[PDB]
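Quick notes on the structure that follows.
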Amino acid sequence: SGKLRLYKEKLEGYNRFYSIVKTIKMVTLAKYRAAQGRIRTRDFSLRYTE
Amino acid sequence: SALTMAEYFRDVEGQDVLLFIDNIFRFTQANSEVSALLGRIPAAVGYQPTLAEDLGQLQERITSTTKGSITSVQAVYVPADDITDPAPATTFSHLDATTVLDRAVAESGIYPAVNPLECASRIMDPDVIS
Amino acid sequence: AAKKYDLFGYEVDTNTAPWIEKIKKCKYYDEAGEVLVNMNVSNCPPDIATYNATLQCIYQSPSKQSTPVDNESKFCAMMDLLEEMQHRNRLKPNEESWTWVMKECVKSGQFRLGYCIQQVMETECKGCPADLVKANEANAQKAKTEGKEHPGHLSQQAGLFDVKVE
Amino acid sequence: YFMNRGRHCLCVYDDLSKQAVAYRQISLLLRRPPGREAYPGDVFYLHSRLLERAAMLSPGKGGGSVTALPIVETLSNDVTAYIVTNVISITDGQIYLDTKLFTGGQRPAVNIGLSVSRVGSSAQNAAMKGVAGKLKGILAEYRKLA
């Protein structure tokens, strides 16, 4: 019925929102993994800057 | 009665007559108003069980024949903007073209408020149109 | 000689000689197909000999029916029968069936199908008959000389915008 | 008639929804006990006895067959309706058409995720079977990546 379809489309919109957020999660996780190497390469440039 | 007039103009004369109706839903509503009194149990949403046949007879009478032609345009009311209602659901199958209107589109200032995605037409084939 | 039990263990009638005789006596191979249907109804499953007799009836028959039928092909009918026999009955075709198919291809003049059947016979059976191979080669050479090696519109040259896609 | 005579038939129905409506109308006019959506309790039995008549007869019975392709319409993708649920449960698989894909241009608009064939790959030809064995996985991977 009308209310049933209202709730159904609300659920579908929430599912779409979840999928989009999952995609951006994957993107940001890829970027984080790419940039994580800075840890092993940092903390040895600003020695005399101190 | 109006359909009988059009049928006469179609057969006894041989014209291409236009037939505008506003609104068909009132026919089904009126029949439902009296179904129970006649002694017929309500079927669904409160509509009378004989809705399908009652509407189909009239829709079939509304058609183009060999003698003449009838171009019919019928307004259809969708209660609470709920297209799943049995009367519109039955009406969908007795038409060549359907134009669906959206309250959201109307609110957005677009007039006519037409949803092409839900709209349809039979002659949308390359053989008929360019 | 030995009983054969059906899917559910019920026996079947292995006496198919009367049906083979009926097939040989038929005129149009559609009648032979009807006979096979009757055998299936009567629980007398066709055997390799029955299928070969059906193929012979197809080869020797005038046409599919008394009245012409558009796009009829004895080769297609026999290939369908072979598929039904091998896949839906678990029966390996014998050399007789392939020889009948090659004879039909030669009679029709389909040299390409003759080549394919020759390759199939060489692969599975013990080679293809020399007479049939020579007849197929002669038909191919005749077509080449007459100019019917390939269709015409295919040879016709068409550009990107010239192809008249209907 | 053909099935019992060792031949193969294809019965198409368009559509069971209106048949159900007609049966409901008849029952309500005849004062029979209704049920969900006012469809009496015999609707499921009606559809079951209509569809079970489609079968693949055994070799000893003639070898004939009947294939059933009933058609059903869902309102705004309301697949939970009584008739749709009954028919889906009865049938040996479904082919789902999607309005989104139909408008997008995929014609036919089959939605593979919502479409299934309980029979499986046993009904495919050998070459088609082998091709599909890889095609199905390829499509699954493409969907997962998309």
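Residues in the structure tokens are numbered from 1 in each chain, the chains being A, B, ... in the order shown, and ligands are numbered from 1 in the order shown.
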
What parts of region 24-114 of chain B does DSSP call strand (DSSP E)? I'd like the answer as a ChimeraX atom specification. /B:69-74,97-98

I want to know what sits within 8 Å of region 86-97 of chain D, based on only C-alpha atoms, with residues of the same chain fewer than 2 positions away left out; could you give that as a compact mmCIF listing (two decimals) with N, CA and C atoms, in the first residue's frame?
```txt
# COMPACT_ATOMS: atom_id res chain seq x y z
N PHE D 44 -4.32 -20.76 -4.37
CA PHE D 44 -3.05 -21.48 -4.44
C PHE D 44 -3.24 -22.85 -5.07
N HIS D 47 -3.77 -22.43 -8.91
CA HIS D 47 -2.54 -22.22 -9.67
C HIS D 47 -1.67 -23.46 -9.66
N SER D 48 -1.60 -24.16 -8.53
CA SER D 48 -0.78 -25.36 -8.44
C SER D 48 -1.26 -26.43 -9.41
N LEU D 51 -0.43 -25.42 -13.03
CA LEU D 51 0.97 -25.47 -13.44
C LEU D 51 1.57 -26.87 -13.37
N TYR D 82 0.24 -11.64 -2.54
CA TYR D 82 -0.16 -13.02 -2.30
C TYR D 82 0.01 -13.87 -3.55
N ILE D 83 -0.54 -13.40 -4.67
CA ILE D 83 -0.49 -14.19 -5.90
C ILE D 83 0.94 -14.35 -6.38
N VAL D 84 1.71 -13.27 -6.34
CA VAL D 84 3.09 -13.33 -6.81
C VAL D 84 3.89 -14.31 -5.96
N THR D 99 12.18 -2.18 -14.48
CA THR D 99 11.85 -0.93 -15.16
C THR D 99 13.07 -0.03 -15.28
N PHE D 102 15.05 -1.29 -18.14
CA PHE D 102 14.28 -1.09 -19.37
C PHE D 102 14.40 0.35 -19.85
N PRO D 108 16.11 -6.94 -23.74
CA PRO D 108 15.31 -7.13 -22.52
C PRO D 108 15.98 -6.59 -21.26
N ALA D 109 15.17 -6.30 -20.25
CA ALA D 109 15.62 -5.68 -19.01
C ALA D 109 15.77 -6.71 -17.90
N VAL D 110 16.23 -7.92 -18.23
CA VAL D 110 16.34 -8.97 -17.24
C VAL D 110 17.30 -8.54 -16.14
N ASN D 111 16.90 -8.77 -14.90
CA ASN D 111 17.76 -8.56 -13.73
C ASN D 111 18.26 -9.92 -13.29
N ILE D 112 19.53 -10.20 -13.57
CA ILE D 112 20.07 -11.53 -13.32
C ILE D 112 20.00 -11.87 -11.84
N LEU D 114 17.83 -11.07 -9.62
CA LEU D 114 16.47 -11.44 -9.25
C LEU D 114 15.93 -12.60 -10.08
N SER D 115 16.65 -13.05 -11.09
CA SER D 115 16.20 -14.11 -11.98
C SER D 115 17.01 -15.37 -11.72
N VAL D 116 16.32 -16.51 -11.73
CA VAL D 116 16.94 -17.79 -11.42
C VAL D 116 16.18 -18.90 -12.13
N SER D 117 16.86 -20.02 -12.34
CA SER D 117 16.27 -21.22 -12.93
C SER D 117 16.65 -22.40 -12.03
N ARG D 118 15.69 -22.87 -11.23
CA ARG D 118 15.97 -23.96 -10.30
C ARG D 118 16.44 -25.21 -11.03
N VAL D 119 16.03 -25.39 -12.28
CA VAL D 119 16.43 -26.58 -13.02
C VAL D 119 17.95 -26.64 -13.14
```

Interface residues on chain A facing chain D, 12 Å, only C-alpha atoms, written as a PyMOL selection string: chain A and resi 1-2+4-6+8-9+12+19-20+23+26

Alpha helix (DSSP H) per DSSP on the backbone: members of chain B, as a CSV table (one decimal) with C-alpha atoms, in the first residue's frame:
```
chain,number,residue,atom,x,y,z
B,2,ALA,CA,-22.0,9.5,-24.3
B,3,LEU,CA,-20.3,6.4,-25.6
B,4,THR,CA,-23.5,5.4,-27.3
B,5,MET,CA,-23.5,8.9,-29.0
B,6,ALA,CA,-20.0,8.4,-30.1
B,7,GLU,CA,-20.7,4.9,-31.4
B,8,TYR,CA,-23.5,6.2,-33.5
B,25,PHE,CA,-12.7,6.9,-11.7
B,26,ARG,CA,-16.1,8.2,-10.6
B,27,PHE,CA,-17.8,5.4,-12.5
B,28,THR,CA,-16.0,2.7,-10.4
B,29,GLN,CA,-16.6,4.8,-7.3
B,30,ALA,CA,-20.3,5.0,-8.0
B,31,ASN,CA,-20.5,1.3,-8.6
B,32,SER,CA,-18.7,0.6,-5.3
B,33,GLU,CA,-21.1,2.9,-3.5
B,34,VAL,CA,-23.9,0.5,-4.4
B,35,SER,CA,-22.1,-2.9,-4.5
B,36,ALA,CA,-22.8,-3.7,-0.9
B,37,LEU,CA,-26.4,-2.5,-1.0
B,38,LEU,CA,-27.0,-4.8,-4.1
B,51,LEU,CA,-14.6,-3.8,-11.2
B,52,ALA,CA,-12.5,-5.7,-13.8
B,53,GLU,CA,-15.5,-6.7,-16.0
B,54,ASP,CA,-17.4,-3.5,-15.5
B,55,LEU,CA,-14.5,-1.4,-16.7
B,56,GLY,CA,-13.5,-3.8,-19.4
B,57,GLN,CA,-16.9,-3.7,-21.1
B,58,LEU,CA,-16.8,0.1,-21.3
B,59,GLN,CA,-13.2,0.2,-22.4
B,60,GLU,CA,-13.8,-2.3,-25.2
B,61,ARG,CA,-16.9,-0.4,-26.4
B,86,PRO,CA,-7.0,-1.7,-8.3
B,87,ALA,CA,-8.9,0.7,-10.5
B,88,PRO,CA,-5.9,2.4,-12.1
B,89,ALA,CA,-4.1,-0.9,-12.2
B,90,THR,CA,-6.9,-2.4,-14.3
B,91,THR,CA,-7.2,0.8,-16.4
B,92,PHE,CA,-3.5,0.6,-17.4
B,103,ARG,CA,3.1,15.9,-7.3
B,104,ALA,CA,6.8,16.3,-6.7
B,105,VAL,CA,7.2,17.5,-10.3
B,106,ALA,CA,4.3,19.9,-9.9
B,107,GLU,CA,5.8,21.3,-6.7
```

Quick one: which residues from chain D are at most 12 Å off chain C, using only C-alpha atoms, as an NGL selection string? :D and (2-8 or 57-64 or 122-126)

Can those selected residues be exported to a file as a PDB file, in the first residue's frame so that it contains N, CA and C atoms?
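Final output, part-v4.pdb:
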```pdb
ATOM      1  N   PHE D   2      -0.786 -32.972 -27.312  1.00  0.00           N
ATOM      2  CA  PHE D   2       0.495 -33.304 -27.924  1.00  0.00           C
ATOM      3  C   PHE D   2       1.453 -33.941 -26.929  1.00  0.00           C
ATOM      4  N   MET D   3       1.410 -33.518 -25.664  1.00  0.00           N
ATOM      5  CA  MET D   3       2.369 -34.028 -24.688  1.00  0.00           C
ATOM      6  C   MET D   3       2.242 -35.536 -24.527  1.00  0.00           C
ATOM      7  N   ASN D   4       1.012 -36.037 -24.423  1.00  0.00           N
ATOM      8  CA  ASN D   4       0.799 -37.471 -24.285  1.00  0.00           C
ATOM      9  C   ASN D   4       1.101 -38.233 -25.567  1.00  0.00           C
ATOM     10  N   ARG D   5       1.287 -37.533 -26.684  1.00  0.00           N
ATOM     11  CA  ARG D   5       1.599 -38.152 -27.965  1.00  0.00           C
ATOM     12  C   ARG D   5       3.045 -37.899 -28.376  1.00  0.00           C
ATOM     13  N   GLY D   6       3.951 -37.855 -27.402  1.00  0.00           N
ATOM     14  CA  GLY D   6       5.368 -37.750 -27.681  1.00  0.00           C
ATOM     15  C   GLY D   6       5.753 -36.524 -28.483  1.00  0.00           C
ATOM     16  N   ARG D   7       5.241 -35.362 -28.087  1.00  0.00           N
ATOM     17  CA  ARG D   7       5.590 -34.104 -28.726  1.00  0.00           C
ATOM     18  C   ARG D   7       5.685 -33.024 -27.661  1.00  0.00           C
ATOM     19  N   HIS D   8       6.265 -31.891 -28.043  1.00  0.00           N
ATOM     20  CA  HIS D   8       6.647 -30.847 -27.105  1.00  0.00           C
ATOM     21  C   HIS D   8       5.830 -29.586 -27.355  1.00  0.00           C
ATOM     22  N   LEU D  57       7.427 -35.853 -19.475  1.00  0.00           N
ATOM     23  CA  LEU D  57       6.975 -37.227 -19.344  1.00  0.00           C
ATOM     24  C   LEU D  57       8.137 -38.198 -19.513  1.00  0.00           C
ATOM     25  N   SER D  58       8.019 -39.349 -18.858  1.00  0.00           N
ATOM     26  CA  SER D  58       9.063 -40.351 -18.906  1.00  0.00           C
ATOM     27  C   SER D  58       9.139 -40.978 -20.296  1.00  0.00           C
ATOM     28  N   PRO D  59      10.270 -41.608 -20.626  1.00  0.00           N
ATOM     29  CA  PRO D  59      10.406 -42.187 -21.972  1.00  0.00           C
ATOM     30  C   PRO D  59       9.319 -43.190 -22.306  1.00  0.00           C
ATOM     31  N   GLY D  60       8.884 -43.985 -21.327  1.00  0.00           N
ATOM     32  CA  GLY D  60       7.864 -44.983 -21.587  1.00  0.00           C
ATOM     33  C   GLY D  60       6.474 -44.410 -21.752  1.00  0.00           C
ATOM     34  N   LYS D  61       6.267 -43.160 -21.351  1.00  0.00           N
ATOM     35  CA  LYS D  61       4.975 -42.506 -21.479  1.00  0.00           C
ATOM     36  C   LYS D  61       4.843 -41.700 -22.764  1.00  0.00           C
ATOM     37  N   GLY D  62       5.885 -41.655 -23.592  1.00  0.00           N
ATOM     38  CA  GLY D  62       5.812 -40.971 -24.868  1.00  0.00           C
ATOM     39  C   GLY D  62       6.968 -40.025 -25.107  1.00  0.00           C
ATOM     40  N   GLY D  63       7.547 -39.502 -24.031  1.00  0.00           N
ATOM     41  CA  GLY D  63       8.633 -38.557 -24.137  1.00  0.00           C
ATOM     42  C   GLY D  63       8.214 -37.129 -24.403  1.00  0.00           C
ATOM     43  N   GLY D  64       6.918 -36.857 -24.505  1.00  0.00           N
ATOM     44  CA  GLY D  64       6.458 -35.505 -24.736  1.00  0.00           C
ATOM     45  C   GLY D  64       6.650 -34.624 -23.518  1.00  0.00           C
ATOM     46  N   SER D 122      21.489 -28.327 -16.323  1.00  0.00           N
ATOM     47  CA  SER D 122      21.180 -29.591 -16.980  1.00  0.00           C
ATOM     48  C   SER D 122      20.322 -29.401 -18.223  1.00  0.00           C
ATOM     49  N   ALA D 123      19.640 -28.267 -18.347  1.00  0.00           N
ATOM     50  CA  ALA D 123      18.790 -27.995 -19.496  1.00  0.00           C
ATOM     51  C   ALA D 123      19.521 -27.270 -20.616  1.00  0.00           C
ATOM     52  N   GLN D 124      20.793 -26.939 -20.428  1.00  0.00           N
ATOM     53  CA  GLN D 124      21.572 -26.268 -21.455  1.00  0.00           C
ATOM     54  C   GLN D 124      22.235 -27.286 -22.372  1.00  0.00           C
ATOM     55  N   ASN D 125      22.486 -26.866 -23.607  1.00  0.00           N
ATOM     56  CA  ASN D 125      23.246 -27.685 -24.532  1.00  0.00           C
ATOM     57  C   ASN D 125      24.710 -27.735 -24.103  1.00  0.00           C
ATOM     58  N   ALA D 126      25.425 -28.735 -24.617  1.00  0.00           N
ATOM     59  CA  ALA D 126      26.806 -28.950 -24.196  1.00  0.00           C
ATOM     60  C   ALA D 126      27.653 -27.704 -24.426  1.00  0.00           C
TER      61      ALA D 126
END
```

Suppose you want the space between CA of residue 37 (chain D) and CA of residue 54 (chain D); what is it in Å? 27.6 Å

With a distance cut-off of 6 Å and only C-alpha atoms, select the neighbouring residues of region 17-20 of chain B, excluding the residue or stretch itself and same-chain residues fewer than 4 positions from it, and output the selection as a ChimeraX atom specification. /B:70-74
